[PDB]
Enquirer: 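Here's a structure for you.
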Amino acid sequence: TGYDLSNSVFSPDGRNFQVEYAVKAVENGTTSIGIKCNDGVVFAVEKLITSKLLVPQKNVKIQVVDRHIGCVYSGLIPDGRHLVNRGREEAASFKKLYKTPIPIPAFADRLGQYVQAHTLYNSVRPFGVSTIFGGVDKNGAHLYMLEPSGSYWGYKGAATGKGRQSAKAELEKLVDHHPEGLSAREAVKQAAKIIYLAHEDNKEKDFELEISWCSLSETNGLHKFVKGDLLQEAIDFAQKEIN
Amino acid sequence: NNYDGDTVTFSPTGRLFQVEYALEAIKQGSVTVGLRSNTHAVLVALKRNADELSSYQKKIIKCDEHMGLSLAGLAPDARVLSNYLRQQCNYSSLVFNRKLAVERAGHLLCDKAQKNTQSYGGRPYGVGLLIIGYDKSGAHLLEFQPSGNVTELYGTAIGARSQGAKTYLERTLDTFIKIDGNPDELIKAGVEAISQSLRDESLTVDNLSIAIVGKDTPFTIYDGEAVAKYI
Amino acid sequence: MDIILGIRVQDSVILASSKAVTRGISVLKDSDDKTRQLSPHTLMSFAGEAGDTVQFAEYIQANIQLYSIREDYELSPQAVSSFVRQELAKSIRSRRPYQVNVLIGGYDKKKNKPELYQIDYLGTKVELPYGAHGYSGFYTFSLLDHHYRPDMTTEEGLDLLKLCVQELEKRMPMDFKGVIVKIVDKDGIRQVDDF
Amino acid sequence: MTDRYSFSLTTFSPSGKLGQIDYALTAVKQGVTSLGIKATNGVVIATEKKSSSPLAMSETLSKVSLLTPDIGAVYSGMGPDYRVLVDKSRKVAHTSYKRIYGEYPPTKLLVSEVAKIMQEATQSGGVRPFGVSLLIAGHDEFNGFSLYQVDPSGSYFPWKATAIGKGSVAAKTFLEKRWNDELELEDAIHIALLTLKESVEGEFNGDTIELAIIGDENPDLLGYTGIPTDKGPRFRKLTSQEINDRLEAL
Amino acid sequence: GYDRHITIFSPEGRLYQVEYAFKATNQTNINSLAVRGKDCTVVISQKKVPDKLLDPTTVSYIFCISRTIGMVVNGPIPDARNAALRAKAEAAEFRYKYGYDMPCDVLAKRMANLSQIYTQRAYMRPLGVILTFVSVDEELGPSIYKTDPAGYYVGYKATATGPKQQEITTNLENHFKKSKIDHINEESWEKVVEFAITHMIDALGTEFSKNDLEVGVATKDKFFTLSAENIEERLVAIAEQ
Amino acid sequence: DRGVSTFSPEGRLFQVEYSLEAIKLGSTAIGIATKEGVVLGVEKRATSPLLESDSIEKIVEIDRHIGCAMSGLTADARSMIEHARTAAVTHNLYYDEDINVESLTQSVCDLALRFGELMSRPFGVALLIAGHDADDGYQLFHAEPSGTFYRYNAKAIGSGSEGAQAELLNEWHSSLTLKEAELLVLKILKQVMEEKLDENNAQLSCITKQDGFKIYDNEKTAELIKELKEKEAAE
Amino acid sequence: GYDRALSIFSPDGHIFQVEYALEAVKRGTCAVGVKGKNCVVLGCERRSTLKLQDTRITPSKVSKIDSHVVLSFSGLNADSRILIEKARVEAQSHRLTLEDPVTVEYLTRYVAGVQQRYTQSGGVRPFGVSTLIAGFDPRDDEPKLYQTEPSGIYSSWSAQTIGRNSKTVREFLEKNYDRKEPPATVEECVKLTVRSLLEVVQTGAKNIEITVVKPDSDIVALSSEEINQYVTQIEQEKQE
Amino acid sequence: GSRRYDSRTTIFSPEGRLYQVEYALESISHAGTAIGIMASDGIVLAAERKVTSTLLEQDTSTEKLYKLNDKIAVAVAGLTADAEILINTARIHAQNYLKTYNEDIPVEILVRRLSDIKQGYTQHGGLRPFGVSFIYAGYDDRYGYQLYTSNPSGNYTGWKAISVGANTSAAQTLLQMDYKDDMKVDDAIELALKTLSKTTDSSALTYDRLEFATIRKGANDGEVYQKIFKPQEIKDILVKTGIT
Ligand SMILES: [Cl-]
C-alpha cells in the first residue's frame, strides 16, 4: 500500500487513487446539470442558502467563456474558477491566431488536456470538480461533461454533484419521450424542474435556482443568464411539478 | 492522518486537511464583524493584546479609498493578501481610470488563494478576511476563506465565538439593512453584534476597532478615543 | 599616461614611466606613478585609456596576490605575463575592451635572470631586451639599438635611459613631466628617487 | 510541474553496494543471450530474434544496429533502453567527433561516449540506470578490430570473445574452449552459430537469428563511386539466406 | 517499498509502475483488431455506450493523426487523447522540417521513445495506453505498428489488443497459418473490413449491430473512419453469405 | 518526511513553533520604554572565563534613532540586522528623513515567513527593536520569527522571560524616568541570570531623542550596579 | 535545482544537522590558540595513525588567509578548504575595494557568515568545521584571536582550543592562563601552547605543530627540532 | 511530492559522519589493490586488475592506471566509470593551467582541484558521491616527486608510500616495514610487487592480473618520462624480481 498517497502513481489495479479521491469532492458538491436542446444548450445549478445573510442572486456560479460558451461545475468552487480562467486563455489564443471563435469540441479538448496534465505529476493535485459546459458553434449545439481524470464525452443531457442519480433519471426520461428534440424554452423549464427534484438529496437547507442558456434562435448563439420573468416562469413550472 | 502532510493530497473522502488546518487558524483568531446597509458598509473588530504592557494587534487594513478589509488568523498572510488587493485596486485605477468592483476583488482573492492549495511546496493562507466597499453598484460585504471560497453577504462574523454575532445579524437582518443615511446607527448595530461574541472581557477604548465606507464616505478606520462614543 | 619604457640589463630590469595626467587642456598631476607591484620580484607599468589602466592593473595585482597566498609561492615572470596576455586577448573581443598596454619587468629567482615582457591591449606579447609602447619607441629605439649590450650594469642602463628621456624631451611635442624610474632585481623592487 | 527529482535515485547502501546498478544487471541477466567473437580479419556479433508474437514482423525489430559505417552494436536486457542508446550513440559519434575531426570515431572512444551516458544515468538526478549490457564491435585504422562490453554502471572492457544475458556463463565457457588468436572471420561466424544454438530453445534459422560482422570494406554498399579513399562500410548485416547457408555446414 | 511507486528498478530488475500501466490499458474493457489488405490497412474496435445520456457520436478511441496515419488506442480516454494530441503535433512538425509525410513506423518509434523516457525519468508517469498506428505507407505499403507503456514497438502482419486479445490473436494466427501469406488477399477495402469483423465475431463469440463497432480504414494518401450506416452495409453483406 | 511550510491540526506552522523553542533557550534580553527614552539590556552568558566578554555583541545599532537586542540563535540575527540597517539607510536615501520605528520593524518582519522548498527555515532568534521618531515618540517592538510584531511598554525575551515579564508587569508605570528604567533592567536581569550579575556578564544600552542610540561603558554600568545594590539594602 | 531543506528545527527547538556538524568537529584533531602580550601562537595536533606520510606536501593544518592573518581548524578537512578559499578571495576583494587589508575581526565575521548561510539555505549541509582565526590588524600591535563554529556564531578568546579532547586542554588553559599577565614573550607563549597539547597528544614527536604570528606580517612555523626542545624542557621540569 | 523518495545523500549521521562517503569507502575496500611508492629517483605505481578472464584483451585494456598529462598519472580504486568522469575533468584542468600560465600544472594544484570536486558532491546537490579513491603520482620542479591520495570525502594527503582498495591495512603494514628514505626506483618496484603478492586474494600473482607504471627522471637528462608497462614487460619484471 501507499499507492494512494501520491498523485500519478499507478496502483496494482492500474488506478490513480488520487483522481478517485478528487471525485469524492465532486460528489460532495451541489447539483449542476446541462441539457442539449434543438438549437442550443441550457445550464442550471443548485445554490445552497447556508444563511439568510447571503445576498440573493449575487454569488453567481455559472461562468461564461468567450461569448458563446457556458460553464458550470460541482465540487471545489475555486478549482472550477481556475479551470475557467485557463479555458478563457485557451479561447483567446485560439481566436487570436485563427480569428473564428473556438469551436465547442476544440474547447472541450483544451480543458481536457489541461485537466489530464494534472494527473501526470506528484507535484500537482487533480481538479476537485466535474465541469458541465458547452454552447453553439458553426456545426450547431454541443454539450460536454469533464471529470477530474481529464475524461470527457459529448452528452444529450448531463448531471453531477450530490443529486446526480436523481437528475440523470429525469434526463433519461426526456431523451426517451423526445426523440425529435426539445425546444430551448422547454429545456429551461425542464432544467428548473430537475434541479428542484434533485434538491431532495440536499433537503436540509433551502436553495436558490440559477439558469443560463445559449440558443441560435433565442440568444443569437450567445451565452446569457435566465433572468426576471423567464426565470420566475421556470420556478413556477418547477414548483407545480413537485406538488 | 496519512493525508495531511501537504496541500497536494486528497484524503480518501475527498478532503484537503492542510486547507482545513488553515481554516482552524481563523477560529483561533480574535472576532471581527462585518455588516452593511444600502448606503454604508461597516467593519467592527475586537483587537487582541499579548499582555498588559503590549499593544493591541491591528485588525483592519485599508486597500483603497473605496475598499478595505478586516482580518482573523495569521496577520502576515493578511498583509500579503491586502498588499495584493492594494496593487489590483491600483492597477484598475492607473490603467482603466476605474475603481475596482468589490465583486471582482473577491474573484481575484479566490484565485490567488486557490493556487496555494493545488501545488507542491507551498501552503494555504492561514487567515480569513472580511472585505467591505462602496462601488458603482452600492455597498458590499465579502467573506474570504483561504480555501478560496469568497461569499457576498449582508452581514457576517469570523474568528473565535463568531457564531454569536452571526446569529444576532441573522435576527436583525431586516432592521440593519434599512439603516440608510445614518452611519452612527449602522456602527451601533455592528458594536451590538460583536458584543454577542464577548466573554469575560468587554469593549474598551484600546480594545475596539471600527471601519466604515459609504456613498460620500472614504474608507476610514477609527481607533482610540474615536470609538469611545460607541462604547 | 602615455610614455612607458623598459630595459633589461645584466642583473635587473628597469622601468621608466611618465608622471603627467591630463584632463582636457589642463595637466592635473605631475607626480603620477603608472605602475603596480604584482609580486615582490615582478613590476608592471601601464598606459592607455583613462580609468581602464589603473582598473586593469589593480585587477591583475589582486589575482597574482591571490595566487601567491593560495600556493605560498611566487609565480615566474613568464607565468605572470602569460596570465596577463590571456586577460587582454580575452578583453579585446569583449563588449567593451580594456584599452591598456603594459610592460612587465620581473626577476626570475629560479633562473637568476631578469626578464622584460611587452604586451599591448590586443594581447600581443613579446619578450625583449628593451621595449616601449605607443610612439615612445619611435624616438628611443635607434639609441637603444646602438648603445645596448646584454652585459650592461644597472648604472649603465640608467645612463642609456637618461639619453632616451633627453631625446624624448627634445623631439616630443607633449610635456610628459619627466619619469619615475624603478629597478627590479634579485633583492626586489626599488625606486630611483633622483632622476 | 517541473522535474522536482533533482536528487540521486541510485545511492550507496551500508555494504557499499549501488542497488539500482545491481538490479539493472539482474534485468540484463533475464535478457536474451547475445555474443561477440573477434577474429584476425574481423569481428562477429550475434543474438536471437525472440519474437513476441508470430503475427509480429520480427524483421522490423533490429537488435543488431549500425552505429557508424565501421561500428556495430548488440544488446541483452531491456530493448527500449537499447533503442534510445543507439539513437544517442549515433548522434554523439557526429556531435563530439565527426563534426570536429571530419572522420568517424575509433571504436574505443565511441564506446567511451556511450559508457559516459550510462554512467550519468547512474548518478544524475531523478533517473534510473539503463537496463542493458551492450556489446560493441568495430574497426578503425590505428587500433584494428576490437570488441567491447558496456555495463549499466558505465564500466567497459575489451574482449577477444564474450557473451551476455540468459546463458552467458555456459556460453563463455564454450567460447574459451574454441577461441584462438589465429581464427579467420568465417571460423568465428561458425563458432558464433554453434555457441548460440545452445541457448536457443525453439526454431534455429536465418529468420530467428540476427547476425552482423565487422570485416572487409564493402564498396558495393557505399552508394557512390569516384573517390578512391572512400571504400565503403566494414559493418555488414548478414541476410536470412546467408545464415542458413552456414547452418548446413554446421 | 518506494521502488513500486516510481520508475526505478526492483531487486528483480523490474519496473512495477510500467507493469501497472499495462493493467490500466484494459480498464475500458474494449478489444481492437488490425489487419492488412493488398491496398489497405483496416482497424476495428468495439464501441460501448453504456449511458443513454451520452452522445454516441463523441465516444471514440480511433484518431485521425494525419492524412495518412490513423491510430486506435487501448486504455483510458484522457491518456488516449494526450497521446493523440502529441502524435498529431509530431506528425505535423515532421512534415514541416523534412518536407515529406511522417511514416507510420517512424511515428510509432517516436511515440515509443517518448514512452521509454517516462520509464526512465522519475517525475513523469507512463501513459496507461497501447497505441496501434495504421497506414498505407508510400514505401512499405500497408503498415501496422503498435506501441506500449514499456516503450516497446514492432511492426505487425496483423494484431489485436484488449482483455480478450489472446482469443483474437490465435484466431488470426490460425488463418495466416492456412493462407501462408502476410495479408488478406482482397482487392477492395470493404471486403477486408468484412473479414476483420467476421473474425472478431468468431473469436469473441458475439454478434454485432452497427452501433457496437468502430471502424478505421487506411488507403493510399488517406485514412478515414466509417459511419454507422457504412458499418451496417458491411454487416448486411456478412449475414447474406 | 514532511513539508517545511506544513500546518499542524491546531492551525500553527510547525517550524515557526519549533523556532520559538530555540528562542526559549537563548540568553535573556529586556527592554523598557519610558517618556525619557527606551532602555535595552542583555545577559551576555560567556561559556568560559577565557572568552573575552566584550566581543559578545547582543545589543546592536540599526540607525542613530533605532537600537536592537537579540535572544536565541544569535548567528541568525546578522542577516536581519544587515537588512534592517540597509532598510533604514535606503529610506533616508529615498526620502531625506529618518524611517519610522514601526516601518523598520515591519520591514524586518517581512523576512520572517520567507522560508520553504528563499531560505530553508525560519529564523531562530527574537529581536527587541527600540527607537524614537517624531510621530509616535519612544517605542519598543518585539519581532518574532512568525512575522508578528507587538509594541510593548516593557518586554523580556529568552530563558528567564516569563519570570521577568511578571516582574515587569508589577514594576512598569507611565511615569518612569530613564534612571529608574536602567536600575529596573539590572534588577530583573540579576534576578533571572544563573551567574552573579556584574559589568562584564551584563550589558546596558538606551535610545534618547537628543543623543540617539548608545551602548553603555562597563564603567558606567558598574556604577549603576553599585547604585542598585545600595538602594536594595536601603530597605 | 536541489532545494531540499536539510537544516530544520526539531520539536525541542534544535537544528540537528548543525549539532551533528559539531560532532564532526569533536572527531577532528585538536587545535589550540594562545595569545601573548605581543604575539599569537597556533598549535595543532597531528594524529600518528598515519606514518609513511610525506610532510613536505601534505596539507598543513594552519593556513595563511593573508600575510597578516592565519586560520586553523578542527573537523572535516575537505570542508575547511572551501572556507579557506572563500576567505582568501574575500581578503583580496577587501584590499581591492577598500584599499586596506582585512581586520582579523572582519575576516572572522565573513567566515562565520558563510557558515551561518549554510545552516538556512536549501539543498546544502552545514560545514563540519570550527576555526581559530588569529593575527594582527594593519598598523596595530594588539594580538587577535577568534573562534567560529558550524552554527555561525563567533567570539574573541584570550586562549581557546577546539577538536577532540579539547575539554581537557581547555581545562588546562583555564587554570594556567592568567589574564592580568599573559605570556610576555614568544618563548613563554609557545611553551604554554606546547604544554597544553602535551595533556592530550601522546608522543611529543611529529604530533605537535606550532605556528607563531607576530605583528606586521611576521609569521613563521616552528620545525620539529625547535618544538622538540620545548618538549624536552617541559618534562625535565616535570620530573620534580 | 518528490521529497518522499529523497535519500538525502549529503547529511551527517548523529556521530558526525557522512553516510554516503562512509558507504562509498566500503565499496572501494572491495576494489583491486593499488599501490604507490615514492623513491629519490622516481615513483612506482602498481595495481591489481579484478578477477579477469582469459578472453579479456589485456594489451588494449585499461582499468587502473591513467595518464593525466606527461608529468602526472593516477591509479584508480573503485567504480571505473566514476573515475573516468573525474579523470577527464583533471585532464582539462591541467590544459587550462598550461594555456593560462604557459607552465605545466604543479601536482598538488591538480590534486586539490579534483578533491574539491569530490567535496562538493558531499555538501550540496543531493547527488551520490563518486565511489573512487585515487593515488596521484607526479613530478614538478617545486617539490620534485610526489605521491598523493584522495577519497570520496574530498580529503587528500601526501605520502612516501601508500595503498588504496582491498587489504590496505595489511598492505600499509608491509610497506611501513620495508620502506626506507634512501630507497631507489628499482627497489621500490620490487617492494610494490612483493606487497601485492602477499596481500592479493588470488592464488598467485601473474602478469595478466596486473597494471604497472613508473615515473622516472630516467629520461635522457633533466626531464621526466612516464612508462605504462606492457603485458610482456610486466611478465619480465615479475621474473626479474623472482615472483614467477
Ligand atoms: Cl526520439
Side-chain angles (χ1 to χ4, degrees), chain A residues 90 93-94 97-98 103 105-106 108-110 112-114 116-117 120 150, chain D residues 57 60-61 80 83-84 87 91, chain E residues 32 34 36 39-43 45 60-75 77-118 124 126-149 151-156 159 161 189 214-226:
Chain A
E90 297 280 11
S93 76
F94 188 100
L97 184 57
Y98 305 126
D109 202 53
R110 295 297 183 89
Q113 299 288 356
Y114 188 66
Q116 192 276 160
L120 292 175
Chain D
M57 305 186 297
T60 64
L61 211 171
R83 193 179 59 252
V84 299
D87 290 336
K91 193 184 178 183
Chain E
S32 74
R36 303 187 301 168
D39 291 344
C40 66
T41 313
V42 170
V43 59
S45 180
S60 180
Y61 291 86
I62 296 184
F63 298 90
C64 299
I65 303 304
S66 66
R67 225 81 184 298
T68 54
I69 301 175
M71 184 188 73
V72 69
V73 183
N74 255 95
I77 194 69
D79 288 12
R81 284 165 179 159
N82 180 110
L85 181 66
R86 186 56 178 271
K88 287 173 189 188
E90 293 288 334
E93 193 194 61
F94 187 97
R95 173 58 185 77
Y96 173 73
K97 287 188 176 183
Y98 306 110
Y100 73 101
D101 299 329
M102 194 174 198
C104 177
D105 55 302
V106 177
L107 176 61
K109 187 191 174 178
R110 173 56 178 163
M111 297 302 294
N113 282 158
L114 261 19
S115 286
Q116 186 285 145
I117 290 165
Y118 313 144
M124 289 258 43
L127 298 174
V129 291
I130 290 174
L131 312 173
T132 308
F133 295 92
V134 292
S135 80
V136 180
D137 192 64
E138 64 180 318
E139 289 190 54
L140 300 179
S143 295
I144 302 168
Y145 286 81
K146 197 163 76 181
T147 310
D148 61 35
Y152 170 90
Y153 93 105
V154 71
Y156 287 91
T159 195
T161 314
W189 61 262
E214 193 174 27
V215 185
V217 181
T219 57
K220 192 199 165 175
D221 294 325
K222 76 176 290 178
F223 171 84
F224 57 93
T225 57
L226 304 184

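Proteins come first, then strands; the chains are lettered A, B, ... in the order of their sequence lines, and each starts at number 1. Atoms considered below: every heavy atom in the structure, side chains included; atoms not considered: hydrogens, waters and symmetry mates.
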Enquirer: Can you check whether E:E214 reaches E:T225 side chain to side chain, under 4.5 Å on heavy atoms?
Expert: no
Enquirer: Between E:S115 and E:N113, is there a donor-acceptor pair closer than 3.5 Å when you use the side chain of the first and the backbone of the second?
Expert: no
Enquirer: How far does CE of E:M102 sit from NZ of E:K109, to the nearest 0.5 angstrom?
Expert: 10.0 Å
Enquirer: Can a donor-acceptor pair be found, under 3.5 Å and without considering hydrogens, that links the side chain of A:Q113 to the backbone of E:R81?
Expert: yes
Enquirer: Does the side chain of E:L107 reach to within under 4.5 Å of the side chain of E:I69, using non-hydrogen atoms?
Expert: yes
Enquirer: Under 4.5 Å between any side-chain heavy atoms of E:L127 and A:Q116, yes or no?
Expert: yes
Enquirer: Going by atom type alone, with no hydrogens or angles, which donor-acceptor pairs under 3.5 Å involve a side-chain atom of residues 85-98 of chain E and a protein atom two or more places apart or on another chain?
Expert:
| residue | atom | partner | partner atom | Å |
| --- | --- | --- | --- | --- |
| E:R86 | NE | E:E90 | OE2 | 2.9 |
| E:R86 | NH2 | E:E90 | OE2 | 3.4 |
| E:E90 | OE1 | E:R110 | NE | 3.0 |
| E:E90 | OE2 | E:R110 | NH2 | 3.2 |

Enquirer: Is the side chain of E:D79 donor-acceptor paired with the backbone N or O of E:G128 at a distance under 3.5 Å, no angle test?
Expert: yes
Enquirer: How far apart are the C-alpha atoms of E:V217 and E:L226, what are their side-chain angles, what is the distance that settles it, and do they pass the side-chain contact (heavy atoms from CB on, under 4.5 Å) test?
Expert: CA-CA 8 Å; E:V217 181; E:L226 304 184; 4.2 Å; yes
Enquirer: Which pair of heavy atoms, one from E:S45 and one from E:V72, lies closest together, and at what distance?
Expert: CB-CG2, 4.0 Å
Enquirer: Checking side-chain contact (heavy atoms from CB on, under 4.5 Å) for the pair E:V129/E:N82: CA distance, chi angles, key distance, verdict?
Expert: CA-CA 10 Å; E:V129 291; E:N82 180 110; over 6 Å; no
Enquirer: Of all the heavy-atom pairs spanning E:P142 and E:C40, show the shortest one and how long it is.
Expert: CB-O, 3.6 Å
Enquirer: Could you walk me through whether E:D39 and E:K220 pass side-chain contact (heavy atoms from CB on, under 4.5 Å), step by step?
Expert: CA-CA 7 Å; E:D39 291 344; E:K220 192 199 165 175; over 6 Å; no
Enquirer: Any chance you could measure E:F133, atom CZ, to E:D105, atom CG, to the nearest 0.5 Å?
Expert: 11.5 Å
Enquirer: Once rounded to the nearest 0.5 Å, what's the spacing between atom OG1 of E:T147 and atom OH of E:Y152?
Expert: 10.5 Å
Enquirer: So how far is it from E:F223 CZ to E:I65 CD1, rounded to the nearest 0.5 Å?
Expert: 8.5 Å
Enquirer: For the backbone of E:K146 and the side chain of E:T132, can you confirm whether one donor and one acceptor N or O come within less than 3.5 Å of each other?
Expert: no
Enquirer: Evaluate the side-chain contact (heavy atoms from CB on, under 4.5 Å) criterion for residues E:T219 and E:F224: first the C-alpha distance (whole Å), next the side-chain angles of each, then the deciding distance (0.1 Å), finally the verdict.
Expert: CA-CA 8 Å; E:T219 57; E:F224 57 93; 4.0 Å; yes
Enquirer: Below 4.5 Å, heavy atoms only, C-beta onward: do A:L120 and E:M124 meet side chain to side chain?
Expert: yes
Enquirer: Within the 4.5 Å heavy-atom criterion, are E:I130 and E:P149 side-chain neighbours or not?
Expert: yes
Enquirer: Measuring from E:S135:OG to E:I144:CD1, what's the distance to the nearest 0.5 Å?
Expert: 9.5 Å
Enquirer: Measure the CD1-CE distance between E:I62 and E:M71 for me, rounded to the nearest 0.5 Å.
Expert: 10.5 Å
Enquirer: Looking only at non-hydrogen atoms, find the nearest pair between E:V154 and D:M57 and report the distance.
Expert: CG2-O, 3.7 Å
